[PDB]
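Asker: I would like to see how this sequence folds:
(2 chains, ligands or ions: 2)
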Protein chains: 2
Amino acid sequence: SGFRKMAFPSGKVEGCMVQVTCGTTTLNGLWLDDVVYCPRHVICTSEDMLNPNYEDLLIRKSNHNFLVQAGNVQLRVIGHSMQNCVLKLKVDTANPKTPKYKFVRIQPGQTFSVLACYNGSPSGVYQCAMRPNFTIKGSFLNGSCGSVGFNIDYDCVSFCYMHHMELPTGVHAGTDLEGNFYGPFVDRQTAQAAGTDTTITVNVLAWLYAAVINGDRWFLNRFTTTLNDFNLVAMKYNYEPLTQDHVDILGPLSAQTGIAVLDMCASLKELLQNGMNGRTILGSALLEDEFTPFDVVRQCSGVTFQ
Amino acid sequence: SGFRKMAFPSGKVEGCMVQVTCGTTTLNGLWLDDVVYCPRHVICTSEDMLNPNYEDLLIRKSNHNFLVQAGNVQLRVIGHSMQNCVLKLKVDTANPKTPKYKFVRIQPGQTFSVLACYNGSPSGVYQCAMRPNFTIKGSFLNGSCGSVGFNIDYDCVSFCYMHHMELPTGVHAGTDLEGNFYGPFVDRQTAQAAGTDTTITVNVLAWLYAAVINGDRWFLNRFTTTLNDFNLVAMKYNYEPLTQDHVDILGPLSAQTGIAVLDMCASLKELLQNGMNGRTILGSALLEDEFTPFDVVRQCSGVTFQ
Ligand SMILES: *[C@@H](CC(=O)OC)C(=O)N(c1ccccc1)c1cncc(Cl)c1
Ligand SMILES: *[C@@H](CC(=O)OC)C(=O)N(c1ccccc1)c1cncc(Cl)c1
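Answerer: Numbering: from 1, shown residues only, chains lettered A, B, ... in the order given. Ligands and ions are numbered 1, 2, ... in the order given. Provided below are the atomic coordinates:
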């Protein structure tokens, strides 16, 4: 038993992290087969990141302007190209540690692991959710650009995020691995800001089920509610709507605990209207929304990856 | 910016996890050079784990009773011995992925990463603290026995924990890698229970400094307090005493934020006596005590590992 914010083992991704240097700019790259992927703003200087023309900036570069370090070993760049907001540096060596991988774009509400990296060297690993407003509440310092987020399915790494920037509220914005930003952000220095967020309702319900699985039951009650009547309450507390597909996705957790989904909604309703009155749920005094139904089943049932 | 419960990259440890089978019992082992380390209760059956004589049980085994699987490759056991509560299985192959490592025993209050494992296959990674009562609040299911906890210092893995059992309150107990239990627990089925816990005061102060570094300042005040007067308050809320060495360890964080340690203690005092009155600190509605001063400096400053 127990319940923790648990990331995927990071080793398959550690073997892909490299350091990319263009001029005085150093950040992280992702080395898969003979390609290194990195934020295109590596080609920008201080005054460039103001209002840059990336096509103009890139035509002025040569392969030799890109130094790629795989540990203490230098990779010769033999081609370069721009794909949306990412650079693709073709190198002469395929990475012998390339795992089986995919590039997948995730949905707000889904979770992933982040291997935070500096100078191509992994620093730490932690679990993140894509917020409804397409930001992530990460932990990133200067030089973390190019760190990636991912999920693992058996032996296959699904890369979903590459870190680009921090927004003024301290939250983080980035792209998928095709270079397409999550949300309405750009790789220039503007006054861009996050924009309003909501709480991921289906995830809170999953975490309440995780709590019941782990023996926290004080918040349960005999009442039920309808989906419409619950969604009226969710609106008022800035929770996003619950759909029938959410109810269906919560089916297995419902059947394992014997608590109907709509009964759990009644419990959530009471918690929103009354607070928790000095008690905790799974060691939190807040309603936690960064565990998906899958995360709960994975952790409370025990699936590994190889 | 941002602040997350962040584990060490796990790859150096992933390469050491193996599966150990004795009879019908399967658990995880740690393969370093030509030795596999695992809980000695692998040699016990259902009726054995009641009141076992491990020396009697082990003399009845042969090398061939131990099947060790390193992935889809079987390791031939060529010797076995007991060291306290762990088994040492000598195998004919040294692990080519052996990192530079040490066996270190940690103190209550210190943190480490856990690579949760099942059938020798890593499942997830997360950060844990050693509680003052020598338990850990982990996330472990049946079959996680033998999963290890560790820290990484540059390129060196300091192994500090091997998981053995879950206690009746859902918390976890285990040994260091010499087989010596943390706390007053035994690898038999008794009515053993955790015993009373306290909050790690110096860690809460470190996390308050992390919050200030990250722009949460609402809990700051102009008052100060003395070390004696603070420790009177800590006693009353089940916090453990703060010492002058704790104050010294908090020195760098004090100087970076310009908030005297004893001023932060005044803030903590106010938070204990008043609660947080609907506000949060670093996304928590509770005072968080599982970040050390080192964890805060590492994350808010950016040290990597290679
Ligand atoms: C990367 C900055 C870079 O490539 O130069 C070393 C970086 O990590 N940045 C960043 C992005 C945009 C503009 C300046 C700096 C970053 C990312 N996350 C958080 C923070 Cl504080 C900075
Ligand atoms: C390991 C049990 C084992 O070796 O048999 C497969 C295990 O993970 N155990 C455990 C320990 C002691 C007695 C029974 C089972 C365990 C550890 N942590 C949590 C839980 Cl729920 C069980």
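
Asker: Counting by contacts, list what the strand or helix carrying residue A:26 packs against.
Answerer: Here residue A:26 sits within strand A:25-32, counting by DSSP states H and E. Under the contact criterion of 3 or more Cβ pairs under 8 Å, 6 or more residues apart in numbering or on different chains; DSSP states H and E, strand A:25-32 touches strand A:17-22, strand A:35-39, strand A:66-70. The C-beta positions use only the backbone N, C-alpha and C, and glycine is treated the same way.

Asker: Briefly note if the longest one comes near ligand 1.
Answerer: Spelled out, that is strand A:17-22. No: Strand A:17-22 lies out of reach of ligand 1 by Cβ under 6 Å from any ligand atom, never closer than 9.0 Å.

Asker: nearest spatial neighbour of the residue in chain A that ligand 2 sits nearest to, skipping sequence neighbours?
Answerer: Closest approach between chain A and ligand 2, counting by Cβ to the nearest ligand atom: residue A:1, at 5.7 Å. Nearest non-adjacent residue to residue A:1, counting by Cβ to Cβ, 6 or more residues apart in numbering or on different chains: residue B:170, 4.5 Å away.

Asker: Equivalent analysis for residue A:215, please.
Answerer: residue B:170 (6.6 Å).

Asker: And for that neighbour, the neighbour number?
Answerer: 18 (other Cβ atoms under 10 Å in any protein chain shown).

Asker: residues in contact with it?
Answerer: A:1-2, A:214-215 (Cβ atoms under 8 Å, 6 or more residues apart in numbering or on different chains).

Asker: could I get these as CSV with distance to ligand 1, neighbour count and secondary structure?
Answerer: Output for these, formatted as CSV (distance: Cβ to the nearest ligand atom, whole Å; neighbours: other Cβ atoms under 10 Å in any protein chain shown; DSSP: H, G, I helix; E, B strand; the rest coil):
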residue, distance to ligand 1, neighbour count, secondary structure
A:1, 36, 15, coil
A:2, 31, 22, coil
A:214, 34, 18, coil
A:215, 39, 10, coil
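
Asker: Select, from those residues, the two members most distant in space.
Answerer: A:2 and A:215 (10.3 Å; Cβ to Cβ).

Asker: does residue A:21 have beta-bridge partners, and which?
Answerer: Beta bridges link residue A:21 to residue A:26, residue A:67, judged by DSSP bridges.

Asker: Residue A:67 is in contact with that one, correct?
Answerer: Yes: between residue A:21 and residue A:67 there is a contact under Cβ atoms under 8 Å: 4.2 Å.

Asker: is the strand or helix carrying residue A:163 anywhere near ligand 1?
Answerer: Using DSSP H and E, residue A:163 sits in strand A:156-166. Yes: with Cβ under 6 Å from any ligand atom as the measure, strand A:156-166 is seen reaching ligand 1 through A:165-166.

Asker: Packing partners of the helix or strand that that strand is followed by?
Answerer: Using DSSP H and E, the helix or strand that follows strand A:156-166 towards the C-terminus is strand A:172-175. Counting contacts by 3+ Cβ pairs under 8 Å, 6+ apart, strand A:172-175 packs against strand A:156-166.

Asker: got a list of what the closest residue to ligand 1 within chain A touches?
Answerer: Residue of chain A nearest ligand 1, by Cβ to the nearest ligand atom: residue A:145 (2.9 Å). Residue A:145 makes contact with A:27-28, A:38-39, A:41-42, A:163-165 under the criterion Cβ under 8 Å, 6+ apart.

Asker: Give me the spatial nearest neighbour of it, chain neighbours excluded.
Answerer: Using Cβ to Cβ, 6+ apart, the closest residue to residue A:145 is residue A:27 (4.1 Å).

Asker: Pretty sure the one you found sits against residue A:36.
Answerer: No: Residue A:27 lies out of contact with residue A:36 (Cβ under 8 Å); the separation is 11.2 Å.

Asker: With neighbour numbers in mind, choose between the two.
Answerer: More crowded of residue A:27 and residue A:36, by other Cβ under 10 Å: residue A:36, with 27 against 24.

Asker: so how far is residue B:158 from the more buried one?
Answerer: The gap separating residue A:36 from residue B:158 is 32 Å, by Cβ to Cβ, to the nearest Å.

Asker: got the CA positions of stretch A:96-111 in PDB?
Answerer: The C-alpha trace of stretch A:96-111 is given here as PDB (Å, rounded to 0.1, in the frame of the first residue of the first chain):
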ATOM      1  CA  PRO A  96      23.600   2.800 -29.600                       C
ATOM      2  CA  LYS A  97      21.300   3.400 -26.600                       C
ATOM      3  CA  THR A  98      18.300   4.400 -28.700                       C
ATOM      4  CA  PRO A  99      15.300   2.800 -27.000                       C
ATOM      5  CA  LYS A 100      12.200   1.800 -28.800                       C
ATOM      6  CA  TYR A 101      10.300   5.100 -29.000                       C
ATOM      7  CA  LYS A 102       7.400   7.100 -30.300                       C
ATOM      8  CA  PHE A 103       6.700  10.900 -30.500                       C
ATOM      9  CA  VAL A 104       3.200  11.300 -29.000                       C
ATOM     10  CA  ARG A 105       1.300  14.500 -28.100                       C
ATOM     11  CA  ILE A 106      -0.600  14.300 -24.900                       C
ATOM     12  CA  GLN A 107      -3.900  15.900 -23.700                       C
ATOM     13  CA  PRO A 108      -4.400  18.300 -20.900                       C
ATOM     14  CA  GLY A 109      -5.100  16.200 -17.900                       C
ATOM     15  CA  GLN A 110      -2.600  13.500 -18.700                       C
ATOM     16  CA  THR A 111       0.600  12.900 -16.800                       C
END
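
Asker: Do any residues in it lie close to chain B?
Answerer: No: Stretch A:96-111 stays clear of chain B (Cβ under 8 Å from any Cβ of the partner chain), getting no nearer than 9.7 Å.

Asker: List of residues touching that stretch?
Answerer: Here stretch A:96-111 has contacts from A:12-13, A:15-16, A:31-33, A:112, A:127-134, A:151, A:155-161, A:176-178, A:180, A:200, A:202-203, A:290-292, A:295, using Cβ under 8 Å, 6+ apart.

Asker: Contact residues of chain A facing ligand 1?
Answerer: Counting by Cβ under 6 Å from any ligand atom, chain A sits next to ligand 1 at A:25-27, A:140-145, A:165-166.

Asker: now the helix or strand where residue A:209 lies: how far from the chain's centre is it?
Answerer: Using DSSP H and E, residue A:209 falls within helix A:201-213. The chain centroid and the centroid of helix A:201-213 are separated by 20 Å, computed with Cα atoms, centre = their mean, to the nearest Å.

Asker: Domains in chain A, by residue range?
Answerer: A:1-14+A:100-197, A:15-99, A:198-301 (CATH domains of a matching chain).

Asker: what distance separates the start and the end of stretch A:163-170?
Answerer: 13 Å (Cα to Cα, to the nearest Å).

Asker: In that stretch, which residues are buried?
Answerer: A:163-166, A:170 (16 or more other Cβ atoms under 10 Å in any protein chain shown).
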